[PDB]
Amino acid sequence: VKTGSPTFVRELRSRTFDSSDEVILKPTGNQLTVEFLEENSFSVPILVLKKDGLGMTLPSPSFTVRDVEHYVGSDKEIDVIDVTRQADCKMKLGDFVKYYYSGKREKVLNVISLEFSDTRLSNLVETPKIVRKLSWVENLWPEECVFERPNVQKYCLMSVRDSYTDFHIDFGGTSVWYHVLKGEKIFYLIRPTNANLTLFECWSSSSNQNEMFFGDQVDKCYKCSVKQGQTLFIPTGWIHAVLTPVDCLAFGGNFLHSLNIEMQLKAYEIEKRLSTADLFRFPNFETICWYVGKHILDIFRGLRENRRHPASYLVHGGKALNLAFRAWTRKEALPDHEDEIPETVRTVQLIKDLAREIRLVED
């Protein structure tokens, strides 16, 4: 029984699973603020039922695959995945649409990475306000910087009944948001504990990965249905698979933030080592980390220069970032990492000062 097949999907559709109501949070749009995530942390998935309060702009629930073609362009190349084959290829949007409205489910093709920020569709979609407030790339990537900026903020997903993405950790160790405009997507979510990540590493690397459903090798695997109008926020590192049970069109975006930097760095190293992608969807992770380190320094200085105290999560995030900095500039590591260090940053001094301010805020 191979991961993808109509018999695999058919079994999956029946599968038991641990309820999502156990771990997820279900705030409302207006409740999902920066304070809410600072206080609660962002370590479990978050399903908002209605979009009111999220600050999203979206087309109506009657937008279509054809509307997508209209706004992106028939000729744009798009990555498609063959779901009864788990393999990647380019395809012209037009041919996708041909295939789509045909009904010829002889192949099950799935589109999940159509990034449309440089198309006229960009103007019809605004991402959640929470994401825009948190996002590193959005807030802290400088304009004077001559490194390639990652552009992963807006994706369109068109997914046909019985599509399946297998268990993975997202590129960059990014966090993700998904809004289902129409249809449904079932997410199977597994917590990224050191314990589970080890089983995950082993399973990626396993010789017969394609024959083993990873959610059976772990303690808890949570089924979370994302129906029409609903929005899912998945935290850093969460190992997840996706079954699209009926035709679905969804939107989504990937971001990094300052709430659990240790888990971000961890999710980065692991996804780097296990990824079979030919390209980095998220180039220059380390570059953005460097720039964040200095911003974090400035914040500590500011908080101390005016006799206030930083939140615990940031102190730990800072410490974790600093370790990564030392690790990337050790004499033997430095050649794999040098190219990511922005030319304005004096790493020894950053590390030294970041270390000093962190010592001053420990008990």
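So that there is no doubt, residue numbering starts at 1 and follows the sequence shown.
Compared with other entries of the same protein, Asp219 falls outside the group left without coordinates by a third of them; all model it where both flanks are modelled. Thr276 is a gap in at least a third of the other entries compared, counting only those with both neighbours built.
The deposited model assigns a higher average Cα B-factor to 113-121 than to the other stretch when 113-121 and 281-289 are compared. Looking at 75-83 and 237-245 together, the entry lists the larger mean B-factor for 75-83, computed on C-alpha atoms.
The PDB entry gives the largest Cα B-factor of the residues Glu269, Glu262, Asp170, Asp216 to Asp216. In this PDB entry, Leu54 carries a Cα temperature factor that places it within the middle third of its chain's modelled residues. Among all modelled residues in its chain, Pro142 ranks in the highest third by Cα B-factor.
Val180 sits in the middle third of its chain by CA B factor, as recorded in the PDB entry.
Ranked by Cα temperature factor within the chain, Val9 sits in the highest third according to the deposited record. The entry lists a Cα temperature factor for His70 that places it in the middle third of the chain's modelled residues.
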